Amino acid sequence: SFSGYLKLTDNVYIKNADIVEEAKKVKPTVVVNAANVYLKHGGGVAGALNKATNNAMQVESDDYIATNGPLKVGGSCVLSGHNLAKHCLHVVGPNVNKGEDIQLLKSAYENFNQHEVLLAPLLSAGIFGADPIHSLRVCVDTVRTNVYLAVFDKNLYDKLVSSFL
């Protein structure tokens, strides 16, 4: 199963890891993508997960958007996990660099509660512009299922662990 994680709470675990390398190693039931409403996996976690699937995630996502239209900010959809996981849960956290309501981060994390165990990044962190310390706090206060958080940046990982209440 998941190895090398630091236990933060009863159900939240954290590791300094590349979520792509982590997914290829574990091949979890669910890997969470830090998606946008259009499922355009250009950069950040989305660009990295999509590149690991040789663009199969983007091809599948474009067909999903053509049929269903865009997701809502705070919403999600379950698609294939390709070579990384059984499924990919594409979750849209608010992008504060696009003026989206940070209050939607709790709604975004509520999507994780539909899955018993997930490999995930911190929602709205990185290129989404939110404070990762706040994202971790919303994660532990919202997610009740088993969430294994992969934090790419060692210095951010240390700051998250050392400041965790």
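Position 1 is the first residue in the sequence shown; the rest follow in order.
The mean C-alpha temperature factor is higher for 153-161 when 153-161 and 5-13 are set side by side.
Stretches 137-145 and 19-27 differ in mean CA B factor, with 19-27 having the higher one.
Within the listed group 61, 103, 113, 124, the record reports its top CA B-factor for 103. Going by the entry's values, 97 shows the largest Cα B-factor out of 36, 50, 33, 97.
In the PDB entry, residue 87 places in the middle third of its chain by CA B-factor.
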